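Included below are structure tokens for two forms of one protein chain, each presented in isolation as structure 1 and structure 2.
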Structure 1
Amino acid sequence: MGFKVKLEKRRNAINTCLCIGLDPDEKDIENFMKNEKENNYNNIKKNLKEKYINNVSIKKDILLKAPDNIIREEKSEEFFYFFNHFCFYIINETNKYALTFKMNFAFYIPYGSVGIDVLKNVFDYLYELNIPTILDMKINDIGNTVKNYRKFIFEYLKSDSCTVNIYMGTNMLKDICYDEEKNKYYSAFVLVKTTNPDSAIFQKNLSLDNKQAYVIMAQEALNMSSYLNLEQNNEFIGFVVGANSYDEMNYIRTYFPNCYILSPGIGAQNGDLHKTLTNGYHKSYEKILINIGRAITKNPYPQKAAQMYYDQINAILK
């Protein structure tokens, strides 16, 4: 059922709000392939034995084959196989620490269709482990058009949420968060403050009445969720606020109690995790997701790294 119900009952099960990012780059794949080839396909063998690997839908005939795919012909299909197995490897090594997983679309698109097949299988894999999902795609377009992203994200990947950029207009969120022909509803996180070093330039130097753009936008987003029947239908519109923007985090949390927040920036940006950004927030702590990607995924022991953050988080939660 609904995502609000999926976040609470999950954080009940595992007691954190760590969100693990899975953004594999060319180097992550090329390197997992090297290690696997020089270690008799170790983690792939692990992968290939996990229970719910059968629940993926794209190219099972190649994915679930044992690795005599080196040059037992099947040359062309190598990249597919290791890209996907790498993703499986990180999910398997870390899912016991993660409330949600956030996959950023841009990492899956630059080789063409092969990465979309990987992104599809990764989303099936998470679905079946019934683990909350986010696609970080910052979608934005006109309505007839944006419904294509909705078909992509919630029907095909079957994702539980997505990031959206609302600069074109708050109205786009109507053909993102609701399908009428289906009568289904869906959740989203709108960009409020992002972690890029020049983000102030528009989300701050721009204002409507001595209010900064991010507040207006935040205010706009949350009035659109109220306008749709999402809270009621167990879905939400929430906010992306970067981990390095502390003042703004304390602003949003007080002047918007009960909102869902998704917070990127800890690790490869770091700054202070235990500033007014994780703390200041509490009950139903699924409402403040701390995204960590590369500090886990580029760590030689992703399991270790995941626990490290799961415990730091599970300490500051007091």
Structure 2
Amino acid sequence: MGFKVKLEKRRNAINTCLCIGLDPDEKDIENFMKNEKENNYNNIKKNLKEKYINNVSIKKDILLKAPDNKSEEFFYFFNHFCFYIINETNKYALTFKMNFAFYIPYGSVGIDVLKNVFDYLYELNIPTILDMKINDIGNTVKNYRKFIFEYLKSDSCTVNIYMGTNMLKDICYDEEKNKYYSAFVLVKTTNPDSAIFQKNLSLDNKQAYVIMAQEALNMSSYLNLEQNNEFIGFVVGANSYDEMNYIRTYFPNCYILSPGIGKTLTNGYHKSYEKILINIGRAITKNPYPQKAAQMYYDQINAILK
């Protein structure tokens, strides 16, 4: 079944539009490993006892061995840290968003964890988003479509359309198995210079982020995504209230991914939940008690619900 329905179902299931960001950096690891050594492998032992961990496809042997310190150590903890966050938070998460950048600085080892992370999430049947802000020319971008939607089995991804919209036709649609995928295009990002191009640049008097949205949203039609339970969304920085409001208003019925790590007046979007995914990452994974922080942000959101 398509992405829209996977979200539509889960949204009811847990009534929240929270999107947990799983962007583990080096610290979190060097750390998780020690707070784990400097402990009786509490979490790594709770991890090793969740149903789906037994399914991951890569180095399932290593990851499953008793804690005890090989060269697959970094791999060991990196993968288990993610399992832990997911295990500790998935309850409050409508969907998860992993940013490729955090999984690529070590080479293949990082992609192996990533891949397990998605296998684990796919098994837990939780909506996923690879924040990879991909971009490139047609036939080349299909490589990203294969990696993301095929190898990782991801539910969606972020895409930077600056160099074209036709690329969306190679990312969101696959004419070989006739499969349709969802994507999120970078429209506006609260960045002390993101507006240098997304706002100051223009055409027909409308800013650039409005131009790409229109273009993005039109490509969504041409591809027949909606009727195929898929879609193209807009990534709109949380702290971009003015822009976040215009998009929500002028573009109602559209899916919005709001990056950041936290104020909440950001819900300048609303629709019927789900169409305004509020991303929160570091605030939860860098937080000493991930499960707690999660429910906190979980409630604070169900609060701002009405």
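Whichever C-alpha set is largest while still superposing within 1.5 Å between the two forms counts as the rigid core. By convention here, residues take numbers in order along the sequence of structure 1, the first being 1.
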property: Shifted position (C-alpha, 2 Å or more, core held fixed) between structure 1 and structure 2, chosen from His282, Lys34, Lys49, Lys60; result: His282
property: Rigid core superposed, the C-alpha shift at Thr133 between structure 1 and structure 2 in Å; result: 0.2
property: After superposing on the core, C-alpha shift for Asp209 between structure 1 and structure 2 in angstrom; result: 1.7
